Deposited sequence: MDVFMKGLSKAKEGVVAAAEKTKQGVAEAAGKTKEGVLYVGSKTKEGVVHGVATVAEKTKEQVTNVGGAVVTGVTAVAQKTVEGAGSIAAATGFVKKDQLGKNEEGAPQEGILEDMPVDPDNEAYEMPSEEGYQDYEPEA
C-alpha cells in the first residue's frame, strides 16, 4: 500500500458562505458496530460534512490515496 505525491513548480480561490440553521445534527465519519464479529473500515481523503458543506480546490497539488482494507483468514 504505497501512495506517492509529487508537486514541482483578480480573485482566485475565493469563497463566501453564509449559513443560517435553526437546528443541526451532523455525523461526520462514523463506524458503528452492534453485536458484530469483524468490521474493517477505512476512510481516506477529504470528507467534508455539514448542514452546509463547501469544498473548494481540494487537491490543486497532486494527491494520492492508497488503501488496502480487509482480512485474511
Pop the missing stretches of the deposited sequence into a list, counting residues from 1 and keeping sequence order.
1 to 14, 24 to 32, 97 to 140
